[PDB]
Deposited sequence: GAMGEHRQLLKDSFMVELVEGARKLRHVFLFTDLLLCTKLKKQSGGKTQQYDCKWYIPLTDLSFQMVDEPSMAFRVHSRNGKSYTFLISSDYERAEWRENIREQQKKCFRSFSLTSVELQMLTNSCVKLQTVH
């Protein structure tokens, strides 16, 4: 499992905005808060990336389990880069999975 892209992003949540550090690995998308703590993750095979233009320069990631998460990003170009990188990797992911508590620890440690 390799790290392909990572960026600070602003997550839009109920009544607030949160600064997150987001990581695209070969098989999953990880959202962390700042030592790192995992807020959530989505396997790429369980993810759908949606462009959001209201608010502007935003995107929404939908998870197969019915949740979705919305982020502001720095530019339309970076937003398009994230979608393309995720698409390229989704073509190489076939199996959904769930990480154990320690697996997540090791995953967050690697960050």
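Residues 1-6, 41-49, 127-133 of the deposited sequence have no C-alpha coordinates in the model.
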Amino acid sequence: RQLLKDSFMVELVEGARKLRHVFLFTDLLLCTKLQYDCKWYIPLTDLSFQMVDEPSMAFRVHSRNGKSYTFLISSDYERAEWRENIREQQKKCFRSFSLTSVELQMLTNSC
From here on, numbers count along this sequence of modelled residues.
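Of the two stretches examined, 35-43 and 61-69, the record assigns the greater average C-alpha temperature factor to 35-43.
Looking at mean Cα B-factors across 24-32 and 70-78, the upper value is held by 24-32.
In this PDB entry, the Cα temperature factor of residue 99 sits in the top third of its chain's modelled residues, the highest group.
Among the modelled residues of the chain, residue 92 sits in the highest third by CA temperature factor in this PDB entry.
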